[PDB]
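Visitor: Before we start, here is the structure in question, set down as structure tokens.
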Amino acid sequence: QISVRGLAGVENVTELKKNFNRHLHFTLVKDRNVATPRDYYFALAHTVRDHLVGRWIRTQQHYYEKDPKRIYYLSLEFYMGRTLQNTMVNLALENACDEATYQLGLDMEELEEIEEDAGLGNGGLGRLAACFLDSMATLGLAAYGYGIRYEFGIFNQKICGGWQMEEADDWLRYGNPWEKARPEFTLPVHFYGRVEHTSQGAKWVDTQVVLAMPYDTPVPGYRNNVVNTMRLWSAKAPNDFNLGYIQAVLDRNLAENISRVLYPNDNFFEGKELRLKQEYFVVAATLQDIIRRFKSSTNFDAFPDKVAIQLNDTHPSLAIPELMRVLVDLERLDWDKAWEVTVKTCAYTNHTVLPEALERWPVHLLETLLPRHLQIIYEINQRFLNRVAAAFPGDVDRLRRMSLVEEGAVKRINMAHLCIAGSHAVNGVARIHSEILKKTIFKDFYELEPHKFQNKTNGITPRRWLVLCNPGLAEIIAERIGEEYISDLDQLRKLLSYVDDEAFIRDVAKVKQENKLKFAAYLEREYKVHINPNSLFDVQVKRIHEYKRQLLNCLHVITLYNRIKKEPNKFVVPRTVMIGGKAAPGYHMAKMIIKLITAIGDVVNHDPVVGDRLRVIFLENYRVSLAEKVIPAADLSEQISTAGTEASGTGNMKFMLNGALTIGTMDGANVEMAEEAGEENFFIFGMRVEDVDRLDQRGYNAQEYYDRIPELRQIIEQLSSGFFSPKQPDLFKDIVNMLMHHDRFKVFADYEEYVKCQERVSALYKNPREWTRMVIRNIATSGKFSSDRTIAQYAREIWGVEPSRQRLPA
Ligand SMILES: OC[C@H]1O[C@@H](c2nc(-c3ccc4ccccc4c3)n[nH]2)[C@H](O)[C@@H](O)[C@@H]1O
Ligand SMILES: OC[C@H]1O[C@@H](c2nc(-c3ccc4ccccc4c3)n[nH]2)[C@H](O)[C@@H](O)[C@@H]1O
Ligand SMILES: *Cc1c(COP(=O)(O)O)cnc(C)c1O
């Protein structure tokens, strides 16, 4: 059908049909008379997976022979989503498979909807790791993603009476055709025990053993025949474990619980023992694998030339003391030499400045679970603080501030400090965030070692986030500038020469319209909900957090409603306001925000005077597969965090690439997006970081805004009085009380500017041609936000390796 989906050659289509029928019979053990759509999905998945195998084996062979420097990306989260379409895109098989399945009497798009998301992450951090793997394969890097194979990923969200309910995400129920178990490469991981000091060094003894069994998933690059590996560890008990008899076998679950479930808190640290076990499990198993591979190339001097370890936040920070443990206790290197190797091998990426997100582990947990690691951390801390003392003599407060050990009611280890001390590079994830790190929370470290601190602005993969989810847009672009931009996104700048082209303008607008119709239909079909496809689609999708200010959006929505009720017969640009995202199960305020959004919808969506001029929809169970549907349909992207709180954002970039305009604060990567596109082509409002600091200095008083803004006062009175909850008048008291007395994120402070900016949005939307021209200016300048650009910068500036676009032989 469409060009970017590749060729449907008669030979290929014939071979796909043959192999589809073979898998249906031999693999699935079904015949066509009792096969269901799910069986058909699996037969297609197995058929496509067969095309990965040769390339996967040949890629890994090639790395063994060439022995390039290896990049190990350690993360507790990989938010992969679905694999079938991505695989077809990257192998150029989409049109051929579409043709093959069509000839068999099947609709391939229907089969694609059967696949479960692999939801092994919470949101942005997990999804960044997934984009990065795609980019590393596309750039020919010898890269490995290492993590945990959670049996249960991020929970499925149901909304019941407007309240979030959680259900386990049993993603493996029907099998995962995209992994290969590798029980033969199972490795031991040690916990508890004690340290005994011999003549010949320390020894960690009397430990409990848990086995780490790897499952390997292929990661194909874009049309280059490179297939890299994501290796995820699963926890298994040893066979003598606990070995009355029956209970001993049942108690194997104690050990196997390590890989059972993803912790579902985004940007909130909870110091639980099970989480610490997960963190050590991934690190200990991964490092044995790294060392094995290095020895199969005595002399650890060359280790940093052959290995890079990238720590995705502090979650895998135990890699630093574990590497020291292995080098010092087992390989018997002297400390100083081991430390040199460690520093040169490890690099750390920070993703947040919110204090409650920082990992600070109680010393008593480490003492019990990882006694040798605690000893090593103390020794690291003493040597590091000796350096600080020599550089800043007499500055005793600096010593207290920079220590890895935090004193207090309970002593804790600051894992960010450990990562900075033990890494040769530390980066933030957008320019403003990297600047904040140097000016505020890591100022002392930057003064000691300025050379360590870098920026690497985040990005997204244009395979998943343009070609896959928005083929219509990819096609009209390829018609003008060819296909090369899919792996070199800077080529989208060529589209600026089409901003006055009447045909292009019409086609861009047509593609958006078709995406909106398709999404509106998806809504009715699978959620019995009915929306006006000519309305402006105003979308805020992301995890629910106070810092992301879904509440500020709610205040604007109520303002619009109240203004309509005040002048019903006045024209206003029709809107469909869609808000979606998951709340962490124990985050009460986030759960109340979801309830408020559904409560607003209950009133607004059923007021006859409003008609179809304003609809408010809560999008249930937001996840990667839903993002792939809603983002291409959006007109307006809400990126409205308080300045200084969103480290980067990546949803922002997805919307920009897909033809939405952005309303946002000067926060995270929004700053760089507006710089690339031009401020005139962005809807910027609100306090800058400097304004927030000024307000904090004189003291934020929400009452002032309530007193001076009558439209705001009216909304608070509606909330307090029970307008949005007739049967439970005081339901939203916690929200009102937070807004008035304890709002860390200054919602009222940005309200007036936000409402005014939203009026400018509405005014531009009334002029379709100028709206679309501004869209083209956004799409055309989105190239910087490719994760290929991001990964090339990590490669050159941190890992010391050169990317390659050269194809391996098929
Ligand atoms: O080994 C992992 C899984 O192995 C399946 C199996 N999987 C494969 C396989 C074969 C080829 C593959 C190519 C890329 C995608 C992953 C791939 C997986 N061969 N055997 C078994 O049916 C399942 O119970 C088991 O958990
Ligand atoms: O860099 C990718 C994204 O990382 C998000 C992020 N996610 C987390 C995160 C994610 C998971 C966590 C679980 C344990 C405790 C703290 C946790 C913190 N920190 N930062 C940022 O909010 C976003 O701006 C950023 O775009
Ligand atoms: C991109 C993405 C995120 C990150 O969105 P932000 O708006 O940057 O927080 C979260 N969840 C999913 C499913 C995503 O695809």
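By order in the structure tokens, chains are A, B, ...; within a chain, residues start at 1; ligands start at 1, following the order shown.
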Residues near residue A:293, anyone? I mean within 12 Å using only C-alpha atoms, not counting same-chain ones fewer than 6 positions away, as an MDAnalysis selection string.

Guide: chainID A and resid 60 63:64 67:70 72 144 286:287 303 306:307

Visitor: Could you go through stretch 138-197 of chain A and tell me which residues DSSP, when run on the backbone, assigns to strand (DSSP E or B), listing them as a PDB file with N, CA, C and O atoms, in the first residue's frame?

Guide:
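Listing of states.pdb after writing:
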ATOM      1  N   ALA A 143      25.922  -3.230  21.974  1.00  0.00           N
ATOM      2  CA  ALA A 143      25.226  -2.798  23.185  1.00  0.00           C
ATOM      3  C   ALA A 143      24.298  -3.872  23.716  1.00  0.00           C
ATOM      4  O   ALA A 143      23.642  -4.584  22.955  1.00  0.00           O
ATOM      5  N   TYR A 144      24.236  -3.947  25.038  1.00  0.00           N
ATOM      6  CA  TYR A 144      23.427  -4.936  25.759  1.00  0.00           C
ATOM      7  C   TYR A 144      22.611  -4.200  26.798  1.00  0.00           C
ATOM      8  O   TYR A 144      23.186  -3.472  27.591  1.00  0.00           O
ATOM      9  N   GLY A 145      21.298  -4.424  26.823  1.00  0.00           N
ATOM     10  CA  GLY A 145      20.449  -3.923  27.881  1.00  0.00           C
ATOM     11  C   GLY A 145      20.281  -5.045  28.901  1.00  0.00           C
ATOM     12  O   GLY A 145      20.087  -6.191  28.526  1.00  0.00           O
ATOM     13  N   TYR A 146      20.481  -4.718  30.180  1.00  0.00           N
ATOM     14  CA  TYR A 146      20.370  -5.694  31.270  1.00  0.00           C
ATOM     15  C   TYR A 146      19.363  -5.183  32.281  1.00  0.00           C
ATOM     16  O   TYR A 146      19.425  -4.019  32.721  1.00  0.00           O
ATOM     17  N   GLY A 147      18.446  -6.064  32.654  1.00  0.00           N
ATOM     18  CA  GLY A 147      17.397  -5.752  33.594  1.00  0.00           C
ATOM     19  C   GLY A 147      16.814  -6.985  34.273  1.00  0.00           C
ATOM     20  O   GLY A 147      17.420  -8.050  34.275  1.00  0.00           O
ATOM     21  N   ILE A 148      15.602  -6.806  34.796  1.00  0.00           N
ATOM     22  CA  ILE A 148      14.838  -7.848  35.467  1.00  0.00           C
ATOM     23  C   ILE A 148      13.608  -8.196  34.659  1.00  0.00           C
ATOM     24  O   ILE A 148      12.868  -7.339  34.188  1.00  0.00           O
ATOM     25  N   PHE A 152       5.120  -9.592  36.672  1.00  0.00           N
ATOM     26  CA  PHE A 152       4.033  -8.641  36.601  1.00  0.00           C
ATOM     27  C   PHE A 152       4.636  -7.251  36.415  1.00  0.00           C
ATOM     28  O   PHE A 152       5.419  -6.763  37.231  1.00  0.00           O
ATOM     29  N   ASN A 156      -2.533  -2.958  35.321  1.00  0.00           N
ATOM     30  CA  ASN A 156      -3.599  -2.478  34.467  1.00  0.00           C
ATOM     31  C   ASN A 156      -4.527  -1.623  35.311  1.00  0.00           C
ATOM     32  O   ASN A 156      -4.911  -2.014  36.421  1.00  0.00           O
ATOM     33  N   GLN A 157      -4.861  -0.445  34.794  1.00  0.00           N
ATOM     34  CA  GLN A 157      -5.739   0.502  35.462  1.00  0.00           C
ATOM     35  C   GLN A 157      -7.188   0.337  34.991  1.00  0.00           C
ATOM     36  O   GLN A 157      -7.460   0.419  33.803  1.00  0.00           O
ATOM     37  N   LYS A 158      -8.092   0.085  35.935  1.00  0.00           N
ATOM     38  CA  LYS A 158      -9.531   0.145  35.681  1.00  0.00           C
ATOM     39  C   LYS A 158     -10.068   1.349  36.427  1.00  0.00           C
ATOM     40  O   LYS A 158      -9.541   1.710  37.481  1.00  0.00           O
ATOM     41  N   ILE A 159     -11.093   1.991  35.874  1.00  0.00           N
ATOM     42  CA  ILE A 159     -11.778   3.082  36.559  1.00  0.00           C
ATOM     43  C   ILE A 159     -13.171   2.576  36.930  1.00  0.00           C
ATOM     44  O   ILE A 159     -13.934   2.132  36.067  1.00  0.00           O
ATOM     45  N   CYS A 160     -13.466   2.623  38.220  1.00  0.00           N
ATOM     46  CA  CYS A 160     -14.696   2.092  38.782  1.00  0.00           C
ATOM     47  C   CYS A 160     -15.305   3.192  39.656  1.00  0.00           C
ATOM     48  O   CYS A 160     -14.713   3.623  40.637  1.00  0.00           O
ATOM     49  N   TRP A 163     -12.970   6.046  40.295  1.00  0.00           N
ATOM     50  CA  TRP A 163     -11.792   5.784  41.104  1.00  0.00           C
ATOM     51  C   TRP A 163     -10.867   4.782  40.417  1.00  0.00           C
ATOM     52  O   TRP A 163     -11.319   3.840  39.776  1.00  0.00           O
ATOM     53  N   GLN A 164      -9.563   4.992  40.537  1.00  0.00           N
ATOM     54  CA  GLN A 164      -8.621   3.997  40.030  1.00  0.00           C
ATOM     55  C   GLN A 164      -8.651   2.701  40.843  1.00  0.00           C
ATOM     56  O   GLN A 164      -8.508   2.732  42.056  1.00  0.00           O
ATOM     57  N   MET A 165      -8.758   1.572  40.147  1.00  0.00           N
ATOM     58  CA  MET A 165      -8.527   0.242  40.707  1.00  0.00           C
ATOM     59  C   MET A 165      -7.334  -0.389  39.966  1.00  0.00           C
ATOM     60  O   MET A 165      -7.169  -0.187  38.754  1.00  0.00           O
ATOM     61  N   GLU A 166      -6.533  -1.165  40.678  1.00  0.00           N
ATOM     62  CA  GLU A 166      -5.376  -1.841  40.067  1.00  0.00           C
ATOM     63  C   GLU A 166      -5.644  -3.319  39.857  1.00  0.00           C
ATOM     64  O   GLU A 166      -6.233  -3.976  40.716  1.00  0.00           O
ATOM     65  N   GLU A 167      -5.226  -3.846  38.708  1.00  0.00           N
ATOM     66  CA  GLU A 167      -5.252  -5.273  38.442  1.00  0.00           C
ATOM     67  C   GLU A 167      -3.887  -5.692  37.993  1.00  0.00           C
ATOM     68  O   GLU A 167      -3.242  -4.958  37.259  1.00  0.00           O
ATOM     69  N   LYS A 180      13.886 -15.737  24.518  1.00  0.00           N
ATOM     70  CA  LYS A 180      14.482 -17.059  24.564  1.00  0.00           C
ATOM     71  C   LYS A 180      15.095 -17.268  25.948  1.00  0.00           C
ATOM     72  O   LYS A 180      16.048 -16.575  26.307  1.00  0.00           O
ATOM     73  N   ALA A 181      14.589 -18.258  26.675  1.00  0.00           N
ATOM     74  CA  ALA A 181      15.148 -18.638  27.973  1.00  0.00           C
ATOM     75  C   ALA A 181      16.493 -19.218  27.736  1.00  0.00           C
ATOM     76  O   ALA A 181      16.693 -19.989  26.775  1.00  0.00           O
ATOM     77  N   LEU A 187      23.254 -18.056  36.833  1.00  0.00           N
ATOM     78  CA  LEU A 187      24.365 -17.600  37.654  1.00  0.00           C
ATOM     79  C   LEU A 187      23.902 -17.410  39.104  1.00  0.00           C
ATOM     80  O   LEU A 187      22.783 -17.009  39.331  1.00  0.00           O
ATOM     81  N   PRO A 188      24.781 -17.654  40.076  1.00  0.00           N
ATOM     82  CA  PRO A 188      24.408 -17.437  41.481  1.00  0.00           C
ATOM     83  C   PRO A 188      24.540 -15.998  41.960  1.00  0.00           C
ATOM     84  O   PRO A 188      25.472 -15.300  41.556  1.00  0.00           O
ATOM     85  N   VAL A 189      23.605 -15.568  42.820  1.00  0.00           N
ATOM     86  CA  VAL A 189      23.618 -14.271  43.474  1.00  0.00           C
ATOM     87  C   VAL A 189      23.502 -14.487  44.984  1.00  0.00           C
ATOM     88  O   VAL A 189      22.660 -15.282  45.444  1.00  0.00           O
ATOM     89  N   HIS A 190      24.357 -13.795  45.726  1.00  0.00           N
ATOM     90  CA  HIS A 190      24.475 -13.971  47.180  1.00  0.00           C
ATOM     91  C   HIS A 190      23.815 -12.868  47.983  1.00  0.00           C
ATOM     92  O   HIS A 190      23.883 -11.709  47.631  1.00  0.00           O
ATOM     93  N   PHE A 191      23.162 -13.241  49.094  1.00  0.00           N
ATOM     94  CA  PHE A 191      22.550 -12.289  50.004  1.00  0.00           C
ATOM     95  C   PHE A 191      22.889 -12.665  51.471  1.00  0.00           C
ATOM     96  O   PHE A 191      23.244 -13.822  51.760  1.00  0.00           O
ATOM     97  N   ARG A 194      28.005 -12.881  56.251  1.00  0.00           N
ATOM     98  CA  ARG A 194      28.865 -12.048  57.085  1.00  0.00           C
ATOM     99  C   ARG A 194      30.252 -12.018  56.488  1.00  0.00           C
ATOM    100  O   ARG A 194      30.584 -12.833  55.621  1.00  0.00           O
ATOM    101  N   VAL A 195      31.062 -11.064  56.938  1.00  0.00           N
ATOM    102  CA  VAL A 195      32.389 -10.884  56.415  1.00  0.00           C
ATOM    103  C   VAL A 195      33.381 -11.432  57.430  1.00  0.00           C
ATOM    104  O   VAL A 195      33.303 -11.087  58.612  1.00  0.00           O
ATOM    105  N   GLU A 196      34.310 -12.257  56.969  1.00  0.00           N
ATOM    106  CA  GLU A 196      35.406 -12.671  57.827  1.00  0.00           C
ATOM    107  C   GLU A 196      36.719 -12.258  57.176  1.00  0.00           C
ATOM    108  O   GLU A 196      36.864 -12.296  55.953  1.00  0.00           O
ATOM    109  N   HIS A 197      37.648 -11.783  58.007  1.00  0.00           N
ATOM    110  CA  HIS A 197      38.924 -11.251  57.529  1.00  0.00           C
ATOM    111  C   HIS A 197      40.010 -12.282  57.743  1.00  0.00           C
ATOM    112  O   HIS A 197      40.242 -12.698  58.858  1.00  0.00           O
TER     113      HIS A 197
END

Visitor: Kindly indicate which residue among A:216, A:514, A:329, A:113 lies nearest to ligand 1, using only C-alpha atoms and all ligand atoms for the distances.

Guide: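 The shortest atom-to-atom distance to ligand 1 comes from A:216.
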
Visitor: What do you get as a PyMOL selection string if you pick all residues at most 6 Å from ligand 2, counting only C-alpha atoms and all ligand atoms?

Guide: chain A and resi 124-125+128+265-269+351-352+357+429+646-650

Visitor: Restricting it to C-alpha atoms, dump the selection as a PDB file, in the first residue's frame.

Guide:
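What ended up in part21.pdb:
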ATOM      1  CA  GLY A 124       9.455   8.085  30.972  1.00  0.00           C
ATOM      2  CA  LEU A 125      12.579   6.495  32.446  1.00  0.00           C
ATOM      3  CA  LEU A 128      13.808   6.092  27.460  1.00  0.00           C
ATOM      4  CA  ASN A 265       6.193   4.378  41.956  1.00  0.00           C
ATOM      5  CA  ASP A 266       7.394   6.881  39.452  1.00  0.00           C
ATOM      6  CA  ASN A 267       9.529   9.671  41.018  1.00  0.00           C
ATOM      7  CA  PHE A 268       8.979   8.475  44.607  1.00  0.00           C
ATOM      8  CA  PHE A 269      11.504   6.511  46.667  1.00  0.00           C
ATOM      9  CA  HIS A 351      16.847  11.832  35.914  1.00  0.00           C
ATOM     10  CA  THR A 352      15.293  13.881  38.730  1.00  0.00           C
ATOM     11  CA  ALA A 357      12.788  10.558  44.423  1.00  0.00           C
ATOM     12  CA  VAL A 429      18.845  14.735  30.551  1.00  0.00           C
ATOM     13  CA  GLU A 646      10.352  17.901  34.895  1.00  0.00           C
ATOM     14  CA  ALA A 647      13.984  16.850  34.234  1.00  0.00           C
ATOM     15  CA  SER A 648      13.308  16.471  30.513  1.00  0.00           C
ATOM     16  CA  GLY A 649      10.041  14.959  29.462  1.00  0.00           C
ATOM     17  CA  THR A 650       9.830  12.716  26.416  1.00  0.00           C
TER      18      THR A 650
END

Visitor: Sorted by chain and rising residue number, list the residues of chain A at most 8 Å from ligand 1 (counting only C-alpha atoms and all ligand atoms), each with its closest atom pair and distance in Å to one decimal, as a Markdown table.

Guide:
| residue | atom | partner | partner_atom_place_in_ligand_line | distance |
| --- | --- | --- | --- | --- |
| A:46 | CA | ligand 1 | 11 (C) | 7.7 |
| A:49 | CA | ligand 1 | 14 (C) | 4.8 |
| A:50 | CA | ligand 1 | 13 (C) | 5.9 |
| A:51 | CA | ligand 1 | 13 (C) | 7.8 |
| A:52 | CA | ligand 1 | 14 (C) | 5.7 |
| A:53 | CA | ligand 1 | 13 (C) | 5.1 |
| A:56 | CA | ligand 1 | 14 (C) | 7.9 |
| A:175 | CA | ligand 1 | 24 (O) | 7.2 |
| A:176 | CA | ligand 1 | 3 (C) | 7.5 |
| A:177 | CA | ligand 1 | 16 (C) | 5.7 |
| A:178 | CA | ligand 1 | 15 (C) | 3.7 |
| A:179 | CA | ligand 1 | 16 (C) | 4.0 |
| A:180 | CA | ligand 1 | 2 (C) | 3.6 |
| A:181 | CA | ligand 1 | 1 (O) | 3.2 |
| A:182 | CA | ligand 1 | 1 (O) | 6.1 |
| A:215 | CA | ligand 1 | 2 (C) | 6.7 |
| A:216 | CA | ligand 1 | 16 (C) | 7.1 |
| A:217 | CA | ligand 1 | 16 (C) | 5.8 |
| A:218 | CA | ligand 1 | 14 (C) | 5.7 |

Visitor: Of the residues A:572, A:309, A:508, A:338, which is the one nearest to residue A:474, using only C-alpha atoms?

Guide: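 Smallest distance to residue A:474 is found for A:508.
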
Visitor: Residues up to 6 Å from ligand 3, counting only C-alpha atoms and all ligand atoms: could you list those as JSON, numbers by chain?

Guide: {"A": [123, 124, 542, 623, 624, 627, 649, 650, 651, 652]}

Visitor: Mind dumping the selected residues with N, CA and C atoms as a short mmCIF file (atom, residue, chain, number, x, y, z; two decimals), in the first residue's frame?

Guide:
data_model
loop_
_atom_site.label_atom_id
_atom_site.label_comp_id
_atom_site.auth_asym_id
_atom_site.auth_seq_id
_atom_site.Cartn_x
_atom_site.Cartn_y
_atom_site.Cartn_z
N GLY A 123 7.04 4.61 33.19
CA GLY A 123 6.79 5.80 32.36
C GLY A 123 8.01 6.20 31.62
N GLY A 124 8.42 7.46 31.80
CA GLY A 124 9.45 8.09 30.97
C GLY A 124 10.82 7.44 31.07
N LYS A 542 0.41 11.24 30.73
CA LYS A 542 1.64 11.08 31.51
C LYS A 542 1.21 10.58 32.90
N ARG A 623 -0.66 3.65 28.49
CA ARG A 623 0.44 2.73 28.34
C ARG A 623 0.98 2.97 26.93
N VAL A 624 2.05 2.27 26.57
CA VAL A 624 2.75 2.57 25.30
C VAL A 624 1.80 2.35 24.11
N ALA A 627 -0.53 5.26 23.83
CA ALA A 627 0.22 6.44 23.38
C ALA A 627 0.34 6.43 21.86
N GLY A 649 11.24 15.31 30.21
CA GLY A 649 10.04 14.96 29.46
C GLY A 649 10.46 14.29 28.17
N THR A 650 9.66 13.34 27.74
CA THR A 650 9.83 12.72 26.42
C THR A 650 8.49 12.61 25.67
N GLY A 651 7.37 12.56 26.39
CA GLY A 651 6.06 12.70 25.75
C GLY A 651 5.98 13.97 24.92
N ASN A 652 6.53 15.05 25.47
CA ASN A 652 6.61 16.32 24.74
C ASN A 652 7.15 16.17 23.31
#

Visitor: When you look at residue A:101 with a cut-off of 9 Å (counting only C-alpha atoms), what residues show up, excluding the ones that are within fewer than 3 positions of it in the same chain? I need them as an MDAnalysis selection string.

Guide: chainID A and resid 13 16:17 20 44 96:98 104:108

Visitor: Could you give me, as JSON, numbers by chain, the residues within 6 Å of residue A:233, counting only C-alpha atoms and dropping anything in the same chain fewer than 3 positions from it?

Guide: {"A": [148, 149, 212, 213, 214]}

Visitor: Taking C-alpha atoms for each residue, export the selection above as an mmCIF file, in the first residue's frame.

Guide:
data_model
loop_
_atom_site.group_PDB
_atom_site.id
_atom_site.type_symbol
_atom_site.label_atom_id
_atom_site.label_comp_id
_atom_site.auth_asym_id
_atom_site.auth_seq_id
_atom_site.Cartn_x
_atom_site.Cartn_y
_atom_site.Cartn_z
ATOM 1 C CA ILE A 148 14.838 -7.848 35.467
ATOM 2 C CA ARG A 149 12.166 -9.985 33.883
ATOM 3 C CA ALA A 212 19.607 -15.640 38.181
ATOM 4 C CA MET A 213 18.291 -17.211 34.975
ATOM 5 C CA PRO A 214 18.558 -15.088 31.831
#
